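Working notes, structure below.
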Amino acid sequence: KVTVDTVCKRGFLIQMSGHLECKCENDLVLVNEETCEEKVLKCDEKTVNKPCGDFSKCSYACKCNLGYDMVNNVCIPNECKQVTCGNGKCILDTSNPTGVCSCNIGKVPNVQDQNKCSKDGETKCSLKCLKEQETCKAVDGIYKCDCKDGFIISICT
Amino acid sequence: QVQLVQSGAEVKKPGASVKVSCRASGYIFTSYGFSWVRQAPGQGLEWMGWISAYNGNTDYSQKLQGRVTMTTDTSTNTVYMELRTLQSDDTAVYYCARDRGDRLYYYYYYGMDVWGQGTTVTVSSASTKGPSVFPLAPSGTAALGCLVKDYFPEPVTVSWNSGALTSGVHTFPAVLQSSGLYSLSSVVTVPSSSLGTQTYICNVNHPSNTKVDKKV
Amino acid sequence: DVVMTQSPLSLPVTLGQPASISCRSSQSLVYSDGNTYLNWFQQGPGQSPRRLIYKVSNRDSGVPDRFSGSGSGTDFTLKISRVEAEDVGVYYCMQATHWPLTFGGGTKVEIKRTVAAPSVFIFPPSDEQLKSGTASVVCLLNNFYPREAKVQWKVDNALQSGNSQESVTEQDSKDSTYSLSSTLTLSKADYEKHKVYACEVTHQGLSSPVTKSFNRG
């Protein structure tokens with residue numbers, strides 16, 4: 001369960017309308033919900049069980065983990081197979097023992113539109129930007145930690 | 001509503017510069033970026049560059065790297081575009097488009113989703129001049145019309161018999177002559193031997209109002 | 001840079017019939033995250049482009065069900081289940097996987113109808129224009145199909161080049177035909193030095209080229 005206290009290994013936290021998740025840095029892929037590692041291009045005996053993509057590891061083939069399915073060459077949760085969210089992403093409902101839509105910042109699920117990301121709504125940023133000279137900033141429909149109004153880039157300065 | 005409103009049409013002389021604005025509304029301006037796309041007459045779309053309203057990251061096309069300058073105003077929601085050394089082939093319709101804020105990472109937003117109304121930019125050394133209207137006299141269906149030559153800038157509006165004649169009327173798209181002036185033609189088809197008494201006037205309107213009899 | 005190639009350049013369609021536009025990329029469009037990023041745009045006549053399809057097969061808000069995108073890697077297809085009248089225009093495919101963004105050459109959707117031979121008429125310059133030192137001869141091709149047509153000016157059996165501009169009307173909403181205008185501009189002295197001025201027309205509706213000519217006097 002990715003929370004505001006989660007430290008993304010080789011990644012950084014981003015926030016949407018209904019959840020938080022780890023975004024991998026550079027060309028790394030998710031091996032779990034909070035750890036990013038480099039992906040192998042081929043699957044053989046030396047690279048068996050090695051990560052070949054997000055929630056997928058290396059008759060050799062790249063297969064999604066349990067609960068995930070290959071949809072458009074991407075592993076998504078099984079309950080999100082037939083879910084389209086538009087201005088957002090399908091996630092598993094942590095409050096339901098079901099695929100629901102988490103929307104880009106600025107949009108919220110519209111109860112008048114089958115909870116699709118078609119309603120204008122604000123989302124309070126919950127990120128704890130630990131690094132100095134940084135704060136929570138909004139960009140491309142998500143919240144992430146970035147330099148303040150007087151800093152940029154190794155470390156913000 | 002994420003609407004984009006662009007500035008009016010501009011006319012510049014060769015070698016001069018032009019500034020085009022695009023006022024964003026309906027969303028958080030500083031959370032996204034912009035890309036500018038122009039479209040030559042009768043041609044396709046051409047990517048000119050991209051600028052981030054989030055981090056100020058500008059990026060121009062290598063083919064047009066030395067004459068493009070992009071800025072954003074956070075106070076008043078507007079993205080500006082300055083084009084220097086306006087060549088003759090720069091004459092095109094310029095479009096505004098919302099793109100991503102950071103070019104390095106990709107999230108669940110996909111740019112170029114909203115486009116502005118477009119702005120027309122014409123680069124020519126010509127001055128404002130009214131058109132010359134010459135009849136195209138014919139010689140069981142006959143065709144006639146009028147030639148609208150040497151008028152700058154565009155456009156003109158042509159009706160036949162004050163709009164009472166519309167069937168078979170064809171007003172052609174203007175052409176840019178080698179002299180830098182525009183030229184246009186309007187034709188109409190009438191019964192040949194059955195219309196020897198009807199009067200047909202060009203009825204052209206621009207700073208110029210002109211209707212010319214086009215008999216045989 | 002990625003080269004985007006659309007086919008066909010012009011697509012004649014019948015109202016109510018399916019249609020498909022092809023778009024091919026010079027490199028694979030699968031991004032580092034596994035996504036493809038192939039957008040489809042629609043540009044009506046005299047209007048701004050609007051994005052119909054985003055990412056792979058996803059439709060933007062307000063796009064009718066008849067539009068659909070498919071394909072993978074370097075080959076993609078935009079299908080229209082039942083073409084409607086407002087679907088005429090130019091369709092572009094654009095990639096965002098590789099920087100910078102590049103658009104396709106475009107695909108012009110037109111209304112398909114039966115072949116019509118053009119009506120060729122020639123108009124010598126007026127006496128009013130000759131009094132100013134310039135002579136413009138107009139050749140008219142009226143109500144024809146398809147849009148493609150070849151026109152050549154001949155002055156005393158000499159082919160003209162670089163002195164003849166052309167323009168074509170949009171597809172008429174009434175008869176779905178096209179019309180072409182060609183303007184040959186020459187100086188007064190050059191116009192007075194010749195006698196016969198002819199206009200040659202080549203088109204599918206004509207089994208042989210049609211020539212319309214006039215004498216200077």
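Ligands are numbered from 1 in the order shown, chains are lettered A, B, ... in the order of the structure tokens, and residues start at 1 in each chain.
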
Quick one: everything within 12 Å of residue A:61, counting only C-alpha atoms, minus sequence neighbours fewer than 3 positions away in the same chain. Send it as a short mmCIF file (atom, residue, chain, number, x, y, z; two decimals) with N, CA, C and O atoms, in the first residue's frame.
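Listing of around_9.cif after writing:
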data_model
loop_
_atom_site.label_atom_id
_atom_site.label_comp_id
_atom_site.auth_asym_id
_atom_site.auth_seq_id
_atom_site.Cartn_x
_atom_site.Cartn_y
_atom_site.Cartn_z
N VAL A 40 15.77 -5.97 -18.25
CA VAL A 40 16.54 -6.70 -19.24
C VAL A 40 15.75 -6.74 -20.54
O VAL A 40 14.51 -6.70 -20.55
N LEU A 41 16.47 -6.80 -21.66
CA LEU A 41 15.84 -6.80 -22.97
C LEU A 41 15.47 -8.19 -23.46
O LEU A 41 14.50 -8.34 -24.22
N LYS A 42 16.22 -9.21 -23.06
CA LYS A 42 15.97 -10.58 -23.49
C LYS A 42 15.79 -11.48 -22.28
O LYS A 42 16.20 -11.14 -21.16
N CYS A 43 15.17 -12.63 -22.51
CA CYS A 43 14.92 -13.62 -21.47
C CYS A 43 15.62 -14.92 -21.85
O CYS A 43 15.31 -15.52 -22.88
N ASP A 44 16.56 -15.35 -21.01
CA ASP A 44 17.27 -16.60 -21.23
C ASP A 44 17.49 -17.26 -19.87
O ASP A 44 16.77 -16.98 -18.90
N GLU A 45 18.48 -18.15 -19.78
CA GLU A 45 18.73 -18.85 -18.53
C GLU A 45 19.40 -17.94 -17.51
O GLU A 45 19.11 -18.03 -16.31
N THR A 47 19.00 -14.67 -17.38
CA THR A 47 18.09 -13.58 -17.04
C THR A 47 16.71 -14.08 -16.65
O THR A 47 15.74 -13.33 -16.75
N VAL A 48 16.60 -15.35 -16.26
CA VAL A 48 15.29 -15.88 -15.89
C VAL A 48 14.84 -15.24 -14.59
O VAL A 48 15.66 -14.98 -13.69
N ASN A 49 13.54 -14.93 -14.50
CA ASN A 49 12.97 -14.35 -13.28
C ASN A 49 13.46 -12.92 -13.12
O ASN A 49 13.12 -12.24 -12.14
N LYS A 50 14.30 -12.46 -14.06
CA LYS A 50 14.74 -11.08 -14.00
C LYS A 50 13.66 -10.16 -14.56
O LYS A 50 12.91 -10.54 -15.46
N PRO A 51 13.56 -8.94 -14.04
CA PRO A 51 12.48 -8.04 -14.47
C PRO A 51 12.64 -7.62 -15.93
O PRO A 51 13.72 -7.22 -16.36
N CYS A 52 11.54 -7.72 -16.68
CA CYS A 52 11.49 -7.28 -18.07
C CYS A 52 10.47 -6.17 -18.28
O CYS A 52 10.19 -5.81 -19.43
N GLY A 53 9.92 -5.62 -17.21
CA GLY A 53 8.93 -4.57 -17.31
C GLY A 53 8.20 -4.40 -15.99
O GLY A 53 8.46 -5.11 -15.02
N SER A 56 6.42 -7.46 -14.27
CA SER A 56 6.65 -8.58 -15.17
C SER A 56 8.12 -8.98 -15.10
O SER A 56 9.01 -8.13 -15.10
N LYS A 57 8.36 -10.29 -15.04
CA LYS A 57 9.70 -10.84 -15.02
C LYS A 57 9.79 -11.98 -16.03
O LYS A 57 8.77 -12.57 -16.42
N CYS A 58 11.01 -12.27 -16.47
CA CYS A 58 11.24 -13.34 -17.43
C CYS A 58 10.83 -14.69 -16.87
O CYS A 58 11.10 -15.73 -17.47
N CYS A 64 3.28 -11.08 -16.87
CA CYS A 64 2.87 -10.26 -15.74
C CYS A 64 2.72 -11.10 -14.48
O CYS A 64 2.49 -12.32 -14.53
#

Using only C-alpha atoms, determine which residues of chain C fall within 8 Å of chain A; present them as a list in words.
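Filtering chain C at 8 Å from chain A with only C-alpha atoms gives residues 32, 34, 35 and 60 of chain C.
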
Residue C:125 surroundings by only C-alpha atoms, 10 Å radius, close-in-sequence under 4 positions cut, as JSON, numbers by chain:
{"B": [134, 135, 136, 137, 147], "C": [129, 130, 134, 135, 136, 137, 138, 184, 185, 191, 216]}

Of the candidates B:45, B:188, B:68, B:164, which one gets nearest to chain C if we count only C-alpha atoms?
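Residue with the minimum atom-to-atom distance to chain C: B:45.
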
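Distance check against residue C:201 using only C-alpha atoms: of C:139, C:80, C:116, C:63, the minimum falls on C:139.
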
Backbone-only DSSP, strand (DSSP E) members of stretch 30-127 of chain C, as a ChimeraX atom specification
/C:38-43,50-54,58-59,67-72,75-80,89-95,102-103,107-111,119-123

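Interface residues of chain B facing chain A, defined by any atom at most 9 Å away and using only C-alpha atoms, are residues 27, 28, 30, 31, 32, 33, 54, 55, 99, 100, 101, 102, 104, 105, 106, 107, 108, 109, 110 and 111 of chain B.
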
Just-selected residues, N, CA, C and O atoms written as a compact mmCIF listing (two decimals), in the first residue's frame:
# COMPACT_ATOMS: atom_id res chain seq x y z
N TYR B 27 -8.23 26.10 -17.10
CA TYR B 27 -7.41 25.13 -16.39
C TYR B 27 -6.24 25.87 -15.74
O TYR B 27 -6.08 27.08 -15.90
N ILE B 28 -5.43 25.12 -15.00
CA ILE B 28 -4.27 25.69 -14.32
C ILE B 28 -3.18 25.93 -15.36
O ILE B 28 -2.56 24.98 -15.85
N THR B 30 -0.12 27.13 -15.30
CA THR B 30 1.26 26.78 -14.99
C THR B 30 1.49 25.28 -14.87
O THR B 30 2.63 24.87 -14.63
N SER B 31 0.46 24.45 -15.06
CA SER B 31 0.61 23.01 -14.92
C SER B 31 0.90 22.29 -16.24
O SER B 31 1.13 21.08 -16.22
N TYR B 32 0.92 23.00 -17.37
CA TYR B 32 1.09 22.37 -18.68
C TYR B 32 2.02 23.22 -19.54
O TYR B 32 2.55 24.24 -19.10
N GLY B 33 2.22 22.77 -20.77
CA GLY B 33 3.06 23.46 -21.73
C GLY B 33 2.35 23.77 -23.03
O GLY B 33 1.16 23.47 -23.17
N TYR B 54 5.45 25.47 -17.11
CA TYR B 54 5.76 24.97 -15.77
C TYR B 54 7.21 25.21 -15.38
O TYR B 54 7.48 25.62 -14.24
N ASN B 55 8.16 24.96 -16.29
CA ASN B 55 9.57 25.12 -15.99
C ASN B 55 10.31 26.01 -16.98
O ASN B 55 11.53 26.13 -16.89
N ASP B 99 0.50 21.40 -24.59
CA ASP B 99 1.34 20.22 -24.55
C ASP B 99 1.81 19.97 -23.11
O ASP B 99 1.36 20.64 -22.18
N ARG B 100 2.72 19.02 -22.95
CA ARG B 100 3.17 18.60 -21.63
C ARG B 100 4.06 19.66 -20.98
O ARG B 100 4.66 20.50 -21.65
N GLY B 101 4.13 19.61 -19.65
CA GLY B 101 4.90 20.56 -18.88
C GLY B 101 6.37 20.21 -18.74
O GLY B 101 7.22 21.09 -18.73
N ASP B 102 6.68 18.92 -18.61
CA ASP B 102 8.05 18.45 -18.57
C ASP B 102 8.29 17.49 -19.73
O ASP B 102 7.52 16.54 -19.92
N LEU B 104 10.84 15.52 -20.01
CA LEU B 104 11.68 14.41 -19.58
C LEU B 104 10.87 13.21 -19.13
O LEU B 104 11.15 12.07 -19.54
N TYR B 105 9.86 13.42 -18.30
CA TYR B 105 9.00 12.35 -17.81
C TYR B 105 7.64 12.43 -18.49
O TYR B 105 7.22 13.47 -18.99
N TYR B 106 6.95 11.29 -18.51
CA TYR B 106 5.62 11.18 -19.08
C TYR B 106 4.67 10.60 -18.03
O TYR B 106 4.98 9.57 -17.42
N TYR B 107 3.53 11.26 -17.84
CA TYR B 107 2.54 10.86 -16.86
C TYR B 107 1.29 10.38 -17.60
O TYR B 107 1.40 9.82 -18.71
N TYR B 108 0.11 10.58 -17.01
CA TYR B 108 -1.14 10.15 -17.60
C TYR B 108 -1.85 11.27 -18.35
O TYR B 108 -3.05 11.18 -18.60
N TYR B 109 -1.12 12.32 -18.71
CA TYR B 109 -1.60 13.39 -19.58
C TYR B 109 -0.97 13.24 -20.95
O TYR B 109 0.21 12.87 -21.07
N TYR B 110 -1.74 13.55 -21.99
CA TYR B 110 -1.29 13.42 -23.37
C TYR B 110 -1.56 14.74 -24.08
O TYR B 110 -2.72 15.14 -24.23
N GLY B 111 -0.49 15.41 -24.50
CA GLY B 111 -0.58 16.76 -25.00
C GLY B 111 -1.26 16.86 -26.36
O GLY B 111 -1.77 15.89 -26.92

Rows by chain and residue number, chain B within 9 Å of chain C, shortest pair, only C-alpha atoms, as a tab-separated table:
residue	atom	partner	partner_atom	distance
B:43	CA	C:105	CA	8.4
B:44	CA	C:105	CA	6.1
B:45	CA	C:103	CA	6.6
B:46	CA	C:103	CA	7.0
B:47	CA	C:102	CA	6.7
B:49	CA	C:100	CA	8.5
B:61	CA	C:100	CA	7.8
B:95	CA	C:48	CA	7.6
B:103	CA	C:99	CA	8.8
B:106	CA	C:33	CA	8.7
B:110	CA	C:54	CA	7.3
B:111	CA	C:96	CA	8.6
B:112	CA	C:51	CA	7.6
B:113	CA	C:51	CA	6.0
B:114	CA	C:50	CA	7.1
B:115	CA	C:50	CA	6.8
B:116	CA	C:48	CA	7.0
B:117	CA	C:48	CA	5.8
B:118	CA	C:48	CA	6.4
B:132	CA	C:129	CA	8.6
B:133	CA	C:129	CA	8.9
B:134	CA	C:126	CA	6.4
B:135	CA	C:126	CA	6.7
B:136	CA	C:123	CA	5.9
B:137	CA	C:123	CA	6.9
B:138	CA	C:123	CA	7.1
B:139	CA	C:123	CA	8.7
B:142	CA	C:121	CA	8.7
B:143	CA	C:121	CA	7.3
B:144	CA	C:123	CA	8.6
B:147	CA	C:138	CA	8.5
B:170	CA	C:169	CA	7.3
B:171	CA	C:169	CA	7.3
B:172	CA	C:169	CA	5.4
B:173	CA	C:167	CA	6.0
B:174	CA	C:167	CA	7.3
B:175	CA	C:167	CA	6.9
B:176	CA	C:165	CA	8.6
B:177	CA	C:165	CA	7.8
B:184	CA	C:167	CA	8.8
B:185	CA	C:181	CA	7.5
B:187	CA	C:140	CA	8.6

Could you check the closest approach to residue A:134 for each of A:121, A:157, A:108, A:33 and tell me which residue wins, using only C-alpha atoms?
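Closest to residue A:134 of all the choices is A:157.
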
Smallest atom-to-atom distance to residue B:98: which of B:60, B:160, B:151, B:29, using only C-alpha atoms?
B:29

Restricting the calculation to only C-alpha atoms: of A:22, A:71, A:85, A:127, which residue gets closest to residue C:61?
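Checking each of A:22, A:71, A:85, A:127 against residue C:61, counting only C-alpha atoms, the winner is A:85.
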